[PDB]
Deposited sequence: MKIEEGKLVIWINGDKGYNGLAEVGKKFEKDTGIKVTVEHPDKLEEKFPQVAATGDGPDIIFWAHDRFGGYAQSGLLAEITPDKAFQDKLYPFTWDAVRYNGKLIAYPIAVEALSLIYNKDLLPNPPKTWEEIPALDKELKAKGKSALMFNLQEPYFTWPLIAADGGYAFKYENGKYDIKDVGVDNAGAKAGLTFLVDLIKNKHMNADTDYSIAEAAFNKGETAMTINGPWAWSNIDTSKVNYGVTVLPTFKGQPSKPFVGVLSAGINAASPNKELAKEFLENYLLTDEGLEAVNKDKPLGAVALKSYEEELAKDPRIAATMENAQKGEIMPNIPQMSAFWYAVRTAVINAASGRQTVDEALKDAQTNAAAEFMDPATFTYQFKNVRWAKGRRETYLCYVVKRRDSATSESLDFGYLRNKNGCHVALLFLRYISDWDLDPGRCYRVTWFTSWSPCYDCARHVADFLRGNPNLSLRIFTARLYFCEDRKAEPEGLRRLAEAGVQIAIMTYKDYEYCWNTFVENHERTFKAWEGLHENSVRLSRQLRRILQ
């Protein structure tokens, strides 16, 4: 499917591909290996599919966060560049290409938020958030705002929050801890409450989105806005005289934006891994290669030290690199999705004032965080055998998705409330945006009883955006051959996909919800026999 002696490179349309193609022409001139660069559409989507088939490009350029998902699917070769080459680039950029303890791509370019101020309105920008209210009151008298940015999305408000002891997941020796989230913290609450103190006094109306702040800053209304290089071009045509500089410091500590690293990764299916490493290390990652790419379309800051020094002569790019070094690498692991969501609401609720700060942040932390089951508890509660009728507690492992896999976890029995009802209360306390459907998956020790089938099927009638599937280990009946079969048929009428957990489902649960301590799943005796038994009884019930 994929050739030898030929290099195929995939790069997005907004990044300069003509300069990269000219680099490949230099590589072909010197070596004889012909290089072809392509800028397809949705290549961040196209690449996983074509690569799962042993096809696709030899090299893939994209932001480093997606590369973690590519690395979990084994689509990326491991690279071991000499430490003599690892120096050549800034050290923190090599951490963005590290997944599960091994390097999966080459750092190329750097992006991060930075402070954009009006030089005419502000000849000397403030170095601290603490000076912002005062400044605003002086500029609210000329009909101007001091600062406006995209307060809705968490990528923009997060730097102030994380400036003081705030973080998503602690990093260590090239691996994140999904169990630990610094969303709830003294300093995170300090930054968020400072934000709220700005919006209460209406230094920021709190309804500000990206376009309201871009229209505001670009038409001369606001003196400062927090944004990245992606928008620079616009401000250059607005004729506004401006500048980029360090994001202000809260409590004296630098604020921490989320750094995105444009990276070049190697397809694991490629026979040209070494050809690729030679091209990347000796032709792309040079002053001449990155400059040739840059003249076509900007790269922002670059990871290559020498060329980054040549580019820092631009004060804007210098600011980008400075805020990047004072910030934190945007994590590449899956749980980050559940993070964004769990934060995207928590700031908004604390912004409008419809929820207090510590409530929004505690709810955010416990939402986007790990809770893992026990192994002995799981093995005991989920055994599908005979003689399992003597089990009382029902356990329920859940996954909420849309495909963005949001929160996951497990619930158990508590004071007469069967688990299904507790999940109804959990997903009800959790707000919903009924313009988008959600796909909710259940893994239950016992299938729902009649009361649970009726309550759940009703909840499903009322929120028709939700679509539920239920995998149960065991079929529950009290007063056999009357009620629960009709209840399960009632959930069937409501369109609930009811299956009985097969072996692959027990693997999924074992590696998804349980704390296995890297232990392989161990099937007990009679698992498959009881599974096709119970699935037979179920096919007898519904149909």
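- Comparing the deposited sequence with the modelled residues, the stretches lacking C-alpha coordinates are 1, 404-408.
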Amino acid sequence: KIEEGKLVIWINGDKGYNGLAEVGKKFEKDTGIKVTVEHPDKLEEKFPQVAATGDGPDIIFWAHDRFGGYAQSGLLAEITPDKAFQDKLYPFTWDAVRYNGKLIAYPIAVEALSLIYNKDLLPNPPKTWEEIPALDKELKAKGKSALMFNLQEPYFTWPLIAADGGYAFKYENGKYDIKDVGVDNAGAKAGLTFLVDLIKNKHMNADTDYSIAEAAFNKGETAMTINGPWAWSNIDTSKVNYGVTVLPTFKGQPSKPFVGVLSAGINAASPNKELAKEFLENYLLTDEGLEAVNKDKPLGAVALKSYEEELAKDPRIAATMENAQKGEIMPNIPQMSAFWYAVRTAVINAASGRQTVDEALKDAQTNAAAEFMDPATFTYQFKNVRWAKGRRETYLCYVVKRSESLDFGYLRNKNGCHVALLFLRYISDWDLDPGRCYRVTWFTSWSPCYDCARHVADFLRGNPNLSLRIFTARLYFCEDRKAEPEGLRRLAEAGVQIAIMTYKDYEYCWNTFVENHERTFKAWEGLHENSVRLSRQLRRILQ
From here on, numbers count along this sequence of modelled residues.
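- Higher mean CA temperature factor between 513-521 and 40-48: 40-48, per the PDB entry.
- Annotation for 255-263 versus 381-389: the higher mean temperature factor (C-alpha) is found in 381-389.
- In the PDB entry, the Cα temperature factor peaks, among 247, 199, 135, 112, at 199.
- Among 82, 274, 209, 291, the highest C-alpha B-factor recorded in the PDB entry belongs to 209.
- Residue 278: CA B factor lies in the lowest third for its chain, per the PDB record.
- Residue-level temperature factors show residue 131 in the middle third of its chain, judged at the C-alpha atom.
- For residue 498, the recorded CA B-factor ranks within the middle third of the chain. Only modelled residues enter the ranking.
- Residue 483: CA B factor lies in the highest third for its chain, per the PDB record.
- The deposited CA B-factor of residue 526 belongs to the lowest third of values across its chain.
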